[PDB]
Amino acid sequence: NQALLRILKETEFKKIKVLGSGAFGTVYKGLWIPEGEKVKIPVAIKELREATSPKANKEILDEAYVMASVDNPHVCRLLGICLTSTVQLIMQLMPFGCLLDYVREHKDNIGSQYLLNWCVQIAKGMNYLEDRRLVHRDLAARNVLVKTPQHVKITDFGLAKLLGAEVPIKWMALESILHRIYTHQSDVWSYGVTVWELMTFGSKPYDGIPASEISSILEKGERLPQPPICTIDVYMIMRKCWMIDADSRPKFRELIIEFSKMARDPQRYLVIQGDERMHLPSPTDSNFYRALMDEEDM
């Protein structure tokens, strides 16, 4: 349990390059230097922007042990922590980066099979979090990491203390905006938005609409529009994720089944120009990726 979170000293790792920043911190590519060894092992380091106290560190540690305990091929595990004046969190470095930037940069080379398999894998990770009774609270395409093009994993989940102290309005369920209710069913809403981001190849939701006005348009019944590549079958799933009654939305278990069905005949459900020129990797290419970058069970 406790042994799943490594407490690091400042002297055993170094930040080398900024990768980006989000709501709560700055992410670096870093190197871990095991004590007494000569190797330098790449890691990802999130340094929180606000400094904390030792008593606040007890809060951080209690949540960190939970995020270090996940065990699922589609969920990123928190690996280590360093309690400096600003706290540093350590996880596996994903050289491919997040799925949002990946779909934007490869938008002219992504076929229906990849898109639908990503939907399945994200739903599998979210179902695992629900099984663990952990609400994500910040699901979005930016918080899905690409381990390989064939294998994505959810990250940055469970941050109830950081979000409560303050928000991704355009990903949040209406009951979260209006009433600060976060459940697995509000995660289903965020999942629908994440799917919309993938199917639009990384468009910004409600582009140009101030966040302060989003709950009003949602109450009036407006929703994200049908992506050009989506058949009516896919868009109805998205719309069901955004129903006002949270208990009427699909369950992650059901979304796994439905997107898995679609992934068995992907060109019936997504209409992409060029789709027959793009396919999943041959077993040869997948075996090579896995041996070099992705040896976990999956």
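Residue positions are given as counts along the sequence shown, with the first one as 1.
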Original post:
Do a third or more of the other compared PDB entries fail to give coordinates for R49?
Top reply: no
Original post:
Looking at the other compared entries that model both neighbours, is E166 missing coordinates in at least a third of them?
Top reply: yes
**OP:** Can you count, per the entry, how many deposited residues between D207 and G208 come without coordinates? Answer none, 1 to 3, 4 to 9, or 10 or more.
**Re:** none
**OP:** Give the stretch, out of 176-184 and 68-76, with the larger mean C-alpha temperature factor in the deposited entry.
**Re:** 176-184
**OP:** Using only the Cα atoms and their B-factors as the entry lists them, report which of 241-249 and 50-58 averages higher.
**Re:** 50-58
**OP:** Kindly indicate the residue among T86, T148, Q92, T194 with the greatest C-alpha B-factor in the PDB record.
**Re:** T86
Subject >> Peak C-alpha temperature factor (PDB record), options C230, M236, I41, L255 >> reply: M236
Original post:
Within this chain, which third does the Cα B-factor at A211 fall in: lowest, middle or highest?
Top reply: middle
**OP:** Report the third (lowest, middle or highest) to which the CA temperature factor of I81 belongs, ranking only the modelled residues of the same chain.
**Re:** lowest
**OP:** State the tercile, meaning the lowest, middle or highest third, of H136 with respect to the CA B-factors recorded for its chain.
**Re:** lowest
Subject >> Lowest, middle or highest third - CA B-factor, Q121 >> reply: lowest
Original post:
With respect to C-alpha B-factor, does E296 fall in the lowest, middle or highest third of the chain as deposited?
Top reply: middle
